Amino acid sequence: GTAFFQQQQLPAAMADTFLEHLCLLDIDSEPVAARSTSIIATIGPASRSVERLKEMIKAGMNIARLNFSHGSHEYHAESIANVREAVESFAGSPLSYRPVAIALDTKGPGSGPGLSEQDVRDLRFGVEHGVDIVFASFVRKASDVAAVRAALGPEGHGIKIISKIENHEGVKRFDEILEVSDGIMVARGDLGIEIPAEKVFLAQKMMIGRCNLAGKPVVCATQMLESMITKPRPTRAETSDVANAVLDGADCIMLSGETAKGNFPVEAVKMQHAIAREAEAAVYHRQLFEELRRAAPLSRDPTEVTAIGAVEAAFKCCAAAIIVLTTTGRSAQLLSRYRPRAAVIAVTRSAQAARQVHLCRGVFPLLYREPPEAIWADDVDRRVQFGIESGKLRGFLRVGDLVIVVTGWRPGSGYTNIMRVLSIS
Amino acid sequence: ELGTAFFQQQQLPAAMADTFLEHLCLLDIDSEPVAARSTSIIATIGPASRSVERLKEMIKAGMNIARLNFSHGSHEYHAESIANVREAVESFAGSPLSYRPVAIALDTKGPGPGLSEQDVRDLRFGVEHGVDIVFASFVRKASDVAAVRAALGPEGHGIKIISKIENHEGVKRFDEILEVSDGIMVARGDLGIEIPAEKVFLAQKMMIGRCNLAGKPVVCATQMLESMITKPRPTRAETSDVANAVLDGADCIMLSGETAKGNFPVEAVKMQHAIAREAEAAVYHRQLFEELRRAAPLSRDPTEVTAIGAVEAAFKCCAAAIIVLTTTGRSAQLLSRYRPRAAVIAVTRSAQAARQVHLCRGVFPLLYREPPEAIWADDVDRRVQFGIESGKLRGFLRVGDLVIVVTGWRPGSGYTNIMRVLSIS
Amino acid sequence: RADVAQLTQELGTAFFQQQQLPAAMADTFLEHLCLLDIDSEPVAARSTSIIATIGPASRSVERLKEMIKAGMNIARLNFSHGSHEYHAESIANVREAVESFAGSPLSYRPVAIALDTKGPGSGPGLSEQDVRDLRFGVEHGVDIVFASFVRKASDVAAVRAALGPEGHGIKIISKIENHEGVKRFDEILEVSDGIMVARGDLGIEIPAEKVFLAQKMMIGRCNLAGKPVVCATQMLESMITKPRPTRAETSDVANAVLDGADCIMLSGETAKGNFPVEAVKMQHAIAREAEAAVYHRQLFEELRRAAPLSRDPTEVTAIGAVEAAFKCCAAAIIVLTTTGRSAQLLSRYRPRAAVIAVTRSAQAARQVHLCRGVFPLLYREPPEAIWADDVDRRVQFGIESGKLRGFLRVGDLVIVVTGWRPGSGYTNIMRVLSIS
Amino acid sequence: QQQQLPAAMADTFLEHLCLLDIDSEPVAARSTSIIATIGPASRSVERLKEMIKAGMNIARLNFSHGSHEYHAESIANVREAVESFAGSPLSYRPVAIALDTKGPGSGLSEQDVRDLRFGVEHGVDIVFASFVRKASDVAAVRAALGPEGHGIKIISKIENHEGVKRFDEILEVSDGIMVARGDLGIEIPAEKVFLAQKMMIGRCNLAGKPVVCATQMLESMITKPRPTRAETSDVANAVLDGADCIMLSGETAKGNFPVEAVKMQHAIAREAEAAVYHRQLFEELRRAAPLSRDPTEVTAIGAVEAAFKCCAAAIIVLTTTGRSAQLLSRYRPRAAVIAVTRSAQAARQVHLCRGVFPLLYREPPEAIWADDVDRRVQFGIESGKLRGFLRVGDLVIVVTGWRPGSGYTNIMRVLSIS
């Protein structure tokens, strides 16, 4: 229908130049797709109540950040328990349940150059409490990441390390830090004090570009909706900053004081949700996909080869979704790196992977709870059907839509190799 | 890894170029072709090439399609030539490395306001003798194609109709002719008499471009190696013409007097084979694939969606082949329209489809004769392994290579929707 | 590497590490982003004009001199506040501060005066206060009018009529502040001299999360039309009370410049805030960084592809001059102009080279601040007897002022744009000159 | 519309091909020069006049055949035929004289030294140097031309594997290149010649140096009045590849249809030039051309850009050595580059550059240099109007310098005709 091609900035998406794409942007072209940039909300006094956390999950919070620069271990353990209680209150309806990751943000090393003794204790707390992600403060070189990895021990091998780049050295040694990290956070608060304030946008755009090229998650953080700590509506510069972080290519956007101590934590999450949806529809996919394809090197890994084939197939038919089965989240991450317009519905049995895939733009995790079928092919199908049924209930899919299904040839992680075109019935 | 020597062969340095101009500058006479020749050679069978022994040499030199010119000879003469082609083809039905399907094409005498009486009788002869293709002379409009189609009677609706464009009217009404035809022949001999000789190259390039866009076979014909009718080596203009027809995007190249009446029919086939191999490696795939992608409209047909995904996947890993299961040849044709560098190995149970897929550039037919397996999934596996084993035998594949496999979810033609990445064991 | 090797040996590796030149050479926008370097210092003069609202904190002659030195190019008078007497005193103080630097072309900096109207209310036509304020503007010789709540082409015709026969030279910049203005944008742009994305009211009239779409669309369409576009309101809002802005604020200023805005504005930051000079300095610092980060390769190609063919010699000469400037890394394009039009046509192709506009019109020197990258030089000398000698003196004036202001250095190449006969509308010549 | 303008507007090369129309007639003057080998079949003054009218721009003398006396008579006949049209200065066509050497045997041969000296003594404009395999071969030819042959253009013939492999060093010291396909097709596999031709044409286009496509282009026309389909395609594809010149050997030297062979190359080249996809070509030439601080180079790109913006009918350039016209030509404008020169040698040599139309200025000098420049500009306009290049109302780009003498081009002006 003509109405379909007038929504989600589709006239602007057809444009032959980026300039014509901008000229075709329409404020009356409503967003259709689900919001794909994850929202990280920092947990504090304004956001610890189980009932308030349920409202934040419904507003769109995907990752709960625990800032270990404030509070004690006892305070953060209660935060974790309240988050888990609010999250599990929706587990009774498995088709609508929303996993929420728990990220520990470290205090950092201060005047010290190595891992501080408090960071070692906080990192061991994180492993003991089952955190999914570590936002490592003031990462300046690859050996800082190795020290964080060592302090997590053998039981914290699955935790994702997102390196916070907050000073000149971190920016200059970016490539070596990215290589050993799972992702990056553009920590603009300290970065804007360590380097001239007028240069932060260059560092943000450079880091987001490099992370997009590497296929690794990148978080844009600090003062995105600062005025919403005390005011019900943000400034024009604030909404523009959120939209531009999404247009830059950020996988995640963050709220600090806006959710930790402000008077409008739920409204701040709703605002980031609303802006991100508008900005994602305004992304010029024609140039973005072409450039991501061109820049990505050749690969002999079947997961990587299947992912590019699936993204290309999704664009060819305007697929509503790519449903992928994943153990560690890696197959969903490799789909996400090509920035499909189609939602990547990741079906997993790993509760940790379901939480961690929120770091990847456009990945919608579904935690499958059913016990395995005796016939492996029947177990793969029931999981694909669970992805379809959840997608229909959540509005991602409708009867008649085309979907791309990404699976593997045998059980266990690392064997994704099949892409299939499926019609929704 | 593949090694530096791998990336110096088959014009791979020129293939990596960021502009067409840089691509030309990087062409290297020392960069040897490795891939199998993908542009089919059509040889006209006549006095100089009728004998079974001579036909065996032409099959070994590279002839894929035997053309019978019904402007000369008689039904009895052409029936003997067809029987001799079939005898030469079946002489290799033992050795798997040597059995190659050869299509039989009937070229009509031509047209009054409809089909000539002799054309009606010759078309009936073609149906009775089981020809695969009809090269229809002097097609001027869509109703000329309908008359040939009607003449192919109740038993020959599977015969491919390749319309010969030989006059101003055929060029002007090209779009309507292409729409109802299976493919096109740029019949340069008569075209060069009907329109100014200096305009033929415009008509050839236009028709090849439009056929490439439509995903339909296009043949470049007449005077390609003309001087080889009397001389053992062609002129510099002749080798250039063959190379340029391949670079233009022709699916097939033809020999007329060169093979029908000249003194060097086998040498003419060998020469076209040598030039086509060199010219295919010099194709600028980066721009070609991007432009085929951009120009091709969105599709909700799973075969078309799977084909673009499979070709994208093949480029990502430098796949040695795309093995496709096809009954009518359509799935192989849809892969061929995206011009993959990988060979498209079409595994079929149909002898007719195996002969007819020679019209599509880069399609290597394998006729499969084993009795069916009771379990359909096992029968599919048996054919995929037939394609892999034939490939290892013919040189295409080695253990450790990656191949793309294209199948459907259920038996019967028209359900292609799966693309799998396999590692050769 | 081969397309920059000879110029790299000549100008040096240090030259090609500054002003985001490695990022400028990139073959894709993604590679361009990856190559952005915080250690690559900006060298070029700041080309996006700063509009500062003059009010209680920025009114004194001494304070205004500090703001002119910090980078203010256009002084905005908000007729939603104050009185005619109050605004006349502000204008006189701006003119006194501006004329305190008139002793030499090396120290002189023309500053435009813009009147921002109160607007219509529930009425669908020009208000009686707007008619009186517009007549005040003509009587006080304002250069620009920022017309509030423009909703259709007839609104700009009403403003034009209220300016009378003596206000024909005043530029009308239509403020787009509601859904109707956005929807009827094309007809408004066609009859306006430029546009202002007035984000404060726009953010109340349409959903706040959609303002960025309207800003990017309007900037893109203005860039395509070759007409000035201003980005306004809350750019450095927190600097009204704090000496440093938020991370969202610096990002917003940089992104308005990257979007393609010709001007950026300060409202409460300079009108009532505690750091008016620091707010101007901050916009100046961010704009210089953001201009160097512009991906000129894609921008120039897209401006070329989208712009239709032209039989106007000024337009033909402008594209040739900008192409020539990119080929040699010209330090400047010196253009002779009467109305500012030849400089505006150069500016629409977004050259990296500074467009030094040499003019005798004091009003045109003030108004060309609306066009990104235009540096106005007011020529005060009486005409030479031979017109060709007069033109040559004006060209040399621009070269000597350019050398003394640091825009030009010995060994630099400059592009000179002039016409074949006197009077407006005859630009048709492009010359390549080496600086000695 | 005419001159393949619908196909020129296309957003992709594939859509450009699809839009090519056999009914879209060429309007622009033929840009690719024709080199005709002068021999027994084309030696007479009367025959040479018909070849000049058919489109011959460069006369090639093959020093592998004949004698010095034979070639001197051929040269005199060419000059006599050329000067028979000098009575009408606004339509006169300069014709270059090129000497093609016999080549080495195993260094520069003694016969080549004598033939090169003959060329200097007879005032040849170009030398097609046979079997160039390294930069030192070009230096030897240059030295054998002596101090009086400093102005002769050396076009290196690439005819073997070594010449192809050492191409970059040969191009660096040569004025241009000839893809000598006859010997190249014997020295390397015949099926690889097209790769060497396309690579060499691409590199010459990038370097801004003339490239000639030669041998067997219309071979069958030695005995037949019409060429084969492969032959017309080969000529069209050499033009589409980017060749500045196309050549005729036996077709004009010993064949039965020398005038028809020239007419055929003229007809094909005109059609192929209109089918060039300028949108991609200009952008790629621009992207690849390095940054430059040379005002002639800077003015040339500005002039070509300005010509495309207004669909200028021509770029009129004043040139002493032909260099300013060559720098315009390297950007492949659709507009004709009308080169107004006082140098008869430069007028002949500038035929090596695609799209350059030389006008030999023989009008009286004006007293004031500025007035003299303006009259040379008006001469280009009047010749253009008479020859069909220009009409009243057209826009032209005029390229001049700031002071007399070679090397000072720095001005581009936009002018409306009449």
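The chains carry the letters A, B, C and D, assigned in the order they are written, with residues numbered from 1 in each.
Here, a residue touches a chain if its C-beta (ideal position, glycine included) is under 8 Å from a C-beta of that chain, and two chains touch if they have at least 3 such contacts.
In UniProt terms the chains read A, B, C, D = Pyruvate kinase.
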- Item | Selected interface, A-B versus B-D, where C-beta contact pairs are more numerous | B-D
- Separation of mean Cα positions, subunit D (Pyruvate kinase) and subunit B (Pyruvate kinase) [Å, integer]: 39
- Message: How many angstrom lie between the centres of subunit B (Pyruvate kinase) and subunit C (Pyruvate kinase), each centre taken as the mean Cα position?
- Response: 60
- Message: I'd like to verify one number: the distance from the centre of subunit A (Pyruvate kinase) to the centre of subunit B (Pyruvate kinase), where each centre is the average of its C-alpha atoms, in whole angstrom.
- Response: 47
- Task: Work through the pairs of chains, note which ones touch, and then classify the graph as line, ring, star, complete or other.
- Result: ring
- Message: Run through the chains and report each pair that touches.
- Response: A-B, A-C, B-D, C-D
- For subunit A (Pyruvate kinase), which residues count as touching subunit C (Pyruvate kinase) in their complex? 17-20, 22-28, 168, 171-172, 188-189, 192, 195-206, 208-210, 212-213, 222-227, 233-245, 248, 271, 274-275, 277-279, 282, 287-288, 291-292, 294-295
- In the complex formed with subunit B (Pyruvate kinase), which residues of subunit A (Pyruvate kinase) make contact? 290, 296, 298-300, 302, 304-306, 308-310, 312-313, 316-318, 402, 404, 409, 417-423
